[PDB]
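Peer 1: Got a structure for you, questions after.
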Amino acid sequence: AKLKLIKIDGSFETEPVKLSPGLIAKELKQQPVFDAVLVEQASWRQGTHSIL
RNA sequence: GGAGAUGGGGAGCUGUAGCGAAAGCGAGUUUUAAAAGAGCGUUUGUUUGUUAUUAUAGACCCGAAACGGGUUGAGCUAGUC
């Protein structure tokens, strides 16, 4: 993928860069991502909610 | 490790060949003298999320005279001193 590099001032560099495979997929799936975000919201409770 | 996903940790479980109680045998096993017959065979996947049902935990919930253990009780009242 074609990318650019920025500096501390806030200006782009003068040389782009490509990216080799390793994080680019050809498949599609959202239900895995759906349960991923759901379990991300999980592990946040601590059982404080309780009554007699 | 923000008590996180995750990474590591393959301990174990499913199916991968089964027959029966077994010595054991094995695409055959056991019953039988049977190579007769019959049975079972003759791979057809795993883990989660979810829904419903079922199993135990009070398990839709309300309800009794119940039972057991402990405890206050002679000033009402019974008897006695």
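How things are named: the first chain in the structure tokens is A, the next is B, and so on; residues count from 1 in each chain; ligands count from 1 in the order shown.
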Enumerate as a PyMOL selection string the residues belonging to chain B that approach chain A to within 9 Å, with only C-alpha atoms (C1' of nucleotides) taken into account.

Peer 2: chain B and resi 4-5+49

Peer 1: Could you list, as a PyMOL selection string, every residue within 10 Å of residue 15 of chain A, counting only C-alpha atoms (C1' of nucleotides) and ignoring same-chain residues fewer than 5 positions away?

Peer 2: chain A and resi 3-5

Peer 1: Give the alpha helix (DSSP H) residues of chain A, as DSSP finds them on the backbone, and put them as a PyMOL selection string.

Peer 2: chain A and resi 31-41

Peer 1: Kindly export the residues of the current selection with N, CA, C and O atoms, as a PDB file, in the first residue's frame.

Peer 2:
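File produced: out16.pdb:
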ATOM      1  N   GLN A  31     -19.344 -11.228  11.535  1.00  0.00           N
ATOM      2  CA  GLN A  31     -19.741 -11.919  12.758  1.00  0.00           C
ATOM      3  C   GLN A  31     -18.561 -12.241  13.670  1.00  0.00           C
ATOM      4  O   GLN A  31     -18.702 -12.066  14.894  1.00  0.00           O
ATOM      5  N   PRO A  32     -17.396 -12.720  13.173  1.00  0.00           N
ATOM      6  CA  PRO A  32     -16.225 -12.823  14.052  1.00  0.00           C
ATOM      7  C   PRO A  32     -15.886 -11.495  14.711  1.00  0.00           C
ATOM      8  O   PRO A  32     -15.651 -11.435  15.921  1.00  0.00           O
ATOM      9  N   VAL A  33     -15.905 -10.416  13.923  1.00  0.00           N
ATOM     10  CA  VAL A  33     -15.653  -9.084  14.465  1.00  0.00           C
ATOM     11  C   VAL A  33     -16.754  -8.683  15.435  1.00  0.00           C
ATOM     12  O   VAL A  33     -16.499  -8.002  16.438  1.00  0.00           O
ATOM     13  N   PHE A  34     -17.992  -9.094  15.155  1.00  0.00           N
ATOM     14  CA  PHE A  34     -19.106  -8.765  16.037  1.00  0.00           C
ATOM     15  C   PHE A  34     -18.907  -9.376  17.420  1.00  0.00           C
ATOM     16  O   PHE A  34     -18.962  -8.676  18.438  1.00  0.00           O
ATOM     17  N   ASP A  35     -18.650 -10.685  17.480  1.00  0.00           N
ATOM     18  CA  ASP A  35     -18.437 -11.291  18.790  1.00  0.00           C
ATOM     19  C   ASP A  35     -17.126 -10.821  19.407  1.00  0.00           C
ATOM     20  O   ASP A  35     -16.994 -10.798  20.635  1.00  0.00           O
ATOM     21  N   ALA A  36     -16.160 -10.409  18.582  1.00  0.00           N
ATOM     22  CA  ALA A  36     -14.926  -9.843  19.111  1.00  0.00           C
ATOM     23  C   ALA A  36     -15.203  -8.558  19.885  1.00  0.00           C
ATOM     24  O   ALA A  36     -14.736  -8.382  21.014  1.00  0.00           O
ATOM     25  N   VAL A  37     -15.986  -7.651  19.298  1.00  0.00           N
ATOM     26  CA  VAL A  37     -16.297  -6.415  20.013  1.00  0.00           C
ATOM     27  C   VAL A  37     -17.187  -6.707  21.219  1.00  0.00           C
ATOM     28  O   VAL A  37     -17.041  -6.082  22.277  1.00  0.00           O
ATOM     29  N   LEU A  38     -18.103  -7.678  21.095  1.00  0.00           N
ATOM     30  CA  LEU A  38     -18.947  -8.040  22.232  1.00  0.00           C
ATOM     31  C   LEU A  38     -18.117  -8.518  23.419  1.00  0.00           C
ATOM     32  O   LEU A  38     -18.298  -8.028  24.539  1.00  0.00           O
ATOM     33  N   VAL A  39     -17.204  -9.466  23.193  1.00  0.00           N
ATOM     34  CA  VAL A  39     -16.346  -9.929  24.276  1.00  0.00           C
ATOM     35  C   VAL A  39     -15.367  -8.844  24.708  1.00  0.00           C
ATOM     36  O   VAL A  39     -14.829  -8.906  25.818  1.00  0.00           O
ATOM     37  N   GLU A  40     -15.108  -7.852  23.849  1.00  0.00           N
ATOM     38  CA  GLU A  40     -14.341  -6.690  24.284  1.00  0.00           C
ATOM     39  C   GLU A  40     -15.103  -5.910  25.346  1.00  0.00           C
ATOM     40  O   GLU A  40     -14.538  -5.524  26.376  1.00  0.00           O
ATOM     41  N   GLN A  41     -16.395  -5.668  25.113  1.00  0.00           N
ATOM     42  CA  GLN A  41     -17.210  -5.077  26.167  1.00  0.00           C
ATOM     43  C   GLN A  41     -17.304  -5.986  27.384  1.00  0.00           C
ATOM     44  O   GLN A  41     -17.512  -5.492  28.497  1.00  0.00           O
TER      45      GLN A  41
END

Peer 1: Segment 8-17 of chain B: which residues within 10 Å, counting only C-alpha atoms (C1' of nucleotides), same-chain residues fewer than 5 positions away excluded, as a list in words?

Peer 2: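 In the requested form, the answer reads residues 26, 27, 28, 41, 42, 43, 44, 45 and 46 of chain B.
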